[PDB]
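Everything in the sequence shown is counted per mature numbering (1 follows the signal peptide of the UniProt record, and there is no 0), starting at 70 for the first residue and increasing by one.
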Amino acid sequence: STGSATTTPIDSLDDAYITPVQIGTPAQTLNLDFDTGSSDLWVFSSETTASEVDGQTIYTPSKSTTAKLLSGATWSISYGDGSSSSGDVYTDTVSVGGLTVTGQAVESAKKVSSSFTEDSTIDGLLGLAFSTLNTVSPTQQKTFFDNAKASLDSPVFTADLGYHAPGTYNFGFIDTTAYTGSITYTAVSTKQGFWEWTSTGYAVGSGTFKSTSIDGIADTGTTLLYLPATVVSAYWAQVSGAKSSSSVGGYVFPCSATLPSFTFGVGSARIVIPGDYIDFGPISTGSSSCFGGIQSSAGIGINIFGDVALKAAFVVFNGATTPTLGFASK
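Spelled out as structure tokens, the structure:
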């Protein structure tokens, strides 16, 4: 089997992407944030504290003839950005772009933190990291991809995120028309539960490539590119007037600037992030100070190849017995 679904930016900045997901019978379609940095499929629901729901579409398990309470199971998750959610668990039928999994754990939120409430466009998350990170207790549950894998034509999914435009998540096949040149594959460590890999270096603008190993995670659920402070300083030094602002929370730059591109290495291959992808706009409405899309990972504890990086590539998440990651230009 295969599936193919369009993923759509939630706003004009590509702060996140939502993908429609069918849950239950009859289908209830919710727009979920596909997140290769976590491993829980959780949704706003009829069980979510009413004051914490503000415009989201909810899953109502009592209206699904295939929903079953997973007795005794609870979940609770905290994300790198400080947000969180928790609740109980149902199993139900879940379909993405024509690919159906029966008996998928659907984690129903009883509580969500303010950042979720305040984002009316995201109805929940669909985790695509390794199932070892799944938070369901006392019986850990499998991700949608893990459940689908054996039925797929090939045990892979691909992320093709758009810049200021829709893109695509495919399951079970590689669309050879969706990228240019060849796909370069690189090793993955699953030791921390992430799609963790090592970039071979970077360049700023038209500058020379610096060969250096940068360990990090491919994370569709993180907006920006978080890299070591040395790398980030080298990038922003090429933007007149750019500076790190402790008050704002990262590097800012004059909105009048033209940003240089940023290149990262994948083996001997190179992925070029255009300068415009690194612009996250005014820090507040009407400001001439703009927020940068490349930020320091210092104090996160891990480097994160988030959407800023991934949207410059066609990315293969290869879930074969020994997982690997593939990157192509597009």
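Think of the CB as a built atom: it goes at the ideal place given N, C-alpha and C, for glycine as much as any other residue.
Under the three-state DSSP convention, the category residue i falls into
i	result
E121	helix
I92	strand
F103	strand
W305	helix
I347	helix
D284	strand
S155	strand
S177	strand
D83	coil
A142	strand
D229	strand
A298	helix
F185	helix
Beta-carbon gap between residue i and residue j smaller than 7 Å
i	j	result
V165	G241	no
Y346	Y232	yes
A306	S365	no
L99	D192	yes
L293	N372	no
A142	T160	no
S398	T249	yes
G388	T291	no
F396	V335	yes
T227	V385	yes
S275	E265	no
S114	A178	yes
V317	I352	yes
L82	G368	no
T94	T162	yes
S189	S152	no
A287	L394	yes
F331	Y304	yes
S223	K211	no
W111	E176	yes
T76	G236	yes
Beta-carbon separation (whole angstroms), residue i vs residue j, contact threshold 8 Å
i	j	result
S309	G285	28 Å between Cβ atoms; not a contact.
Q97	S133	7 Å
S108	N203	4 Å
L221	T289	With 8 Å as the limit, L221 and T289 do not qualify as a contact, their Cβ atoms being about 19 Å apart.
Proximity test, Cβ basis, 7 Å: residue i and chain D
i	result
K211	You won't find chain D in this structure, because it holds only one protein chain.
### Message
Can you confirm whether the stretch 117-125 touches the stretch 199-215 when touching is taken to mean that 3 or more C-beta pairs between the two stretches lie within less than 8 Å?
### Response
no
### Message
Taking contact to mean 3 or more Cβ pairs, one atom from each stretch, closer than 8 Å, check whether the stretch 354-369 and the stretch 260-275 are in contact.
### Response
Taking a contact to require three or more Cβ pairs closer than 8 Å, the stretch 354-369 and the stretch 260-275 do not qualify as touching.
#### Entry: Validate contact between the stretch 102-114 and the stretch 183-198 using beta carbons, cut 8 Å, 3 pairs
yes
### Task
Taking 8 Å as the threshold, find out whether the stretch 327-346 comes into contact with the stretch 375-394 through three or more Cβ pairs.
yes
### In chain order, each beta strand (DSSP E) run of at least 3 residues that lies wholly inside the stretch 365-394
372-374, 383-387
### Message
I'd like the ranges of any alpha helix (DSSP H) spanning at least 4 consecutive residues and lying wholly in the stretch 210-267.
### Response
213-217
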